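Structure first, commentary second.
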Amino acid sequence: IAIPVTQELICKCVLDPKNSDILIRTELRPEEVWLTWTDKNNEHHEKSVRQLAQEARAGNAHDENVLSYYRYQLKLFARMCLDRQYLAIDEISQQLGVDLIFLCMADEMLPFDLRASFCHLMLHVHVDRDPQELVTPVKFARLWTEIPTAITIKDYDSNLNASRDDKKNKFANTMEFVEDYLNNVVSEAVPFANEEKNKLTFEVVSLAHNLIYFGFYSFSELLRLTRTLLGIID
Amino acid sequence: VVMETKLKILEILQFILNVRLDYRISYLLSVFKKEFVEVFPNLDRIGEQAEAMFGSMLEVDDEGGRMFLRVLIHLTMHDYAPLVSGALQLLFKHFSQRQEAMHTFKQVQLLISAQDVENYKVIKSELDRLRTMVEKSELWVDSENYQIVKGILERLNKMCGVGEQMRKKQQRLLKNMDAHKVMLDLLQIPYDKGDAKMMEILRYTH
């Protein structure tokens with residue numbers, strides 16, 4: 001459970017601009033993302049995340065170390081954005097947008113642990129905010145006019161969409177990525193064999209659960225996802 | 001991690017089943033409305049439709065419900081207590097679809113009268129505004145926000161109404177509108193002693 005006092009103190013201390021050096025900065029440029037970091041000395045190094053992963057697979061010690069540092073920084077940011085702590089959620093959102101996080105998430109060449117960290121950051125930063133709120137799947141008060149003479153799956157989905165507040169969906173790409181990843185996982189002979197893949201699977205399933213409880217999915221999409229989830233279990 | 005993801009999937013499946021129950025209730029309401037409008041612009045036909053809706057398309061698994069049962073039985077054998085409890089609950093609730101559907105349908109509220117529609121609209125707006133204000137509690141723990149909250153509380157208090165015949169309907173509508181949850185969440189807001197506006201709004205909520 002998040003501790004508001006220490007969390008706020010750490011937010012104030014870490015996000016202080018005077019401590020901007022200790023944090024690696026990721027920038028999206030024409031479309032690839034580059035990480036820029038300052039070593040213990042007053043020197044700056046900028047390199048592509050894909051290149052960092054390539055050399056880490058090769059066996060470079062410094063590149064692996066900086067990748068691990070970035071992963072732990074992402075974990076710290078995600079922990080800082082727990083229980084809707086906005087003083088840091090806004091800073092992370094401005095520093096890290098939806099598009100950049102999704103780009104880092106979808107790519108498969110990057111290590112699984114980093115993808116899981118990005119998924120956790122996405123869940124704790126953007127999924128849970130003011131516009132999103134828990135929705136009861138069953139409602140007891142129904143207007144006489146709103147009842148349709150003929151009801152089907154498509155009509156029910158249209159009614160749910162009408163009930164939805166935001167016409168524009170910022171997580172459609174995330175939802176498609178989640179569906180594709182779950183389909184790929186169920187396609188695997190062993191759903192839970194690789195330790196690294198298990199963490200990413202846990203992050204994506206948690207993201208799907210939180211999106212579902214927030215009403216982001218339609219009935220047809222939920223029904224389709226049901227079979228894939230059951231195949232994942234067994 | 002495997003147990004955690006399995007538990008999350010179980011929760012997702014429970015939500016899916018709840019949505020299916022909601023769709024079934026909507027189907028019953030639509031059939032009843034169609035029958036009423038056709039006959040009075042019959043019982044056997046609607047009964048046959050209701051019996052037939054229960055298990056094709058509204059299937060949790062493509063195997064006709066078998067795969068769900070095998071998955072639940074397999075999960076019940078795991079050592080993780082929460083997973084076993086969830087699997088047992090889902091298995092028990094899987095064979096009580098008709099009972100749950102009828103129980104949910106028995107509590108359906110229509111709000112036919114225009115006055116009922118106006119009450120629903122105003123109550124929904126006030127509850128949404130109150131919940132939005134409650135979410136941003138830190139912004140007004142210690143401005144016009146207090147006046148807005150007081151006005152919303154007074155409007156809801158007036159909406160409660162008078163008269164037993166009207167009071168029963170108003171209370172039923174409020175209960176169906178999930179006002180208790182938001183009001184109790186407001187009551188749980190952190191407070192500092194000595195803020196007169198705060199005890200005033202607390203008394204209004206009480």
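Ordered as shown in the structure tokens, chains take letters A, B, and onward, while each chain numbers its residues from 1 and ligands are numbered from 1 in the order shown.
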| task | Show me which bits of chain A are within 9 Å of chain B, counting only C-alpha atoms, as a VMD selection string. | result | chain A and resid 130 137 to 145 147 to 153 156 192 198 to 199 201 to 203 205 to 206 208 to 209 212 to 213 219 222 to 223 226 to 227 229 to 234
| said: Please compute the atom CA of residue 154 of chain A-atom CA of residue 93 of chain B distance, one decimal, in Å. | reply: 26.6 Å
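Nearest residue to residue 7 of chain A among A:37, A:86, A:181, A:216 is A:86, counting only C-alpha atoms.
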| request: Per DSSP on the backbone, filter segment 15-214 of chain A down to the residues in strand (DSSP E) and report them as a VMD selection string. | output: chain A and resid 25 to 29 32 to 38 44 to 48
| task | Extract, using only C-alpha atoms, all DNA, RNA and protein residues at most 12 Å from residue 204 of chain B, discarding same-chain residues fewer than 6 positions from it, and format them as a PyMOL selection string. | result | chain B and resi 149-158+183+186-187+197-198
Save the residues we just selected, C-alpha atoms, as a compact mmCIF listing (two decimals), in the first residue's frame?
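File produced: again-v3.txt:
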```txt
# COMPACT_ATOMS: atom_id res chain seq x y z
CA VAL B 149 -20.77 20.35 -2.80
CA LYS B 150 -23.28 21.95 -0.42
CA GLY B 151 -25.62 22.75 -3.30
CA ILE B 152 -25.40 19.19 -4.62
CA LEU B 153 -26.11 17.80 -1.15
CA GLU B 154 -29.11 20.11 -0.72
CA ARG B 155 -30.45 19.18 -4.16
CA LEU B 156 -30.16 15.48 -3.33
CA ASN B 157 -31.86 16.04 0.03
CA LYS B 158 -34.75 17.77 -1.75
CA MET B 183 -21.83 8.96 0.00
CA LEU B 186 -17.32 11.06 0.93
CA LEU B 187 -17.80 10.19 4.61
CA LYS B 197 -17.94 24.12 6.15
CA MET B 198 -16.66 20.57 6.55
```
